[PDB]
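Here's a solo chain for you in structure tokens, the form deposited in one PDB entry.
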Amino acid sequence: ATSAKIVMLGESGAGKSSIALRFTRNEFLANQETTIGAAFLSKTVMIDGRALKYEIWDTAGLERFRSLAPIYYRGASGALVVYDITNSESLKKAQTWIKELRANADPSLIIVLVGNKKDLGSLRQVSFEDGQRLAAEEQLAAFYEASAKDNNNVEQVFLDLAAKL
């Protein structure tokens, strides 16, 4: 297996931990304390060419302080910037995380935007096009809407990354 460090980013409550845990363990946990999610998760996948070990880094709740350590970002091949489609403020802050990620990691980083909790259709505050516009303005690698809870569109986010690595 060749390894790629992939970092989760985005506002508290967006679903970072739940996306990482859905992809790696095919589980979903409700109302978990922000500081208790595993900081480091992994899954090895057979892509075209090769076995790829995703080394997924999660925040351990430290984004509550609105900053993350240089070290978190350093050596990432990829980044998932997660917002909550039910929370317009979370999409505004996604753009802040994209600028921090660009300040701290390689210019070659693959950056993906993910609008999570699409299962909460009644509470939606931002449109698909809101997220697509941000991905266009910031020239990101990809944009998806997903549900960590229903396991809708999570696997695809990570497999599409492989390609670009």
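Rigid core here is just the name for the largest C-alpha set that superposes within 1.5 Å across the two forms. The first residue of the sequence shown is number 1, and the count goes up from there.
The following text describes the form deposited in another entry, which does not appear among the structures shown.
Here the rigid core is superposed between the shown form and the other one, and of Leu41, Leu62, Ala135, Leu109 the C-alpha of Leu62 is the only one to shift by 2 Å or more. Cα-Cα spacing of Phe128 to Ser67 is enlarged in the other form versus the present form (difference of at least 3 Å). In comparison with the shown form, the Cα-Cα distance of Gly115 and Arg64 increases by at least 3 angstroms in the other form.
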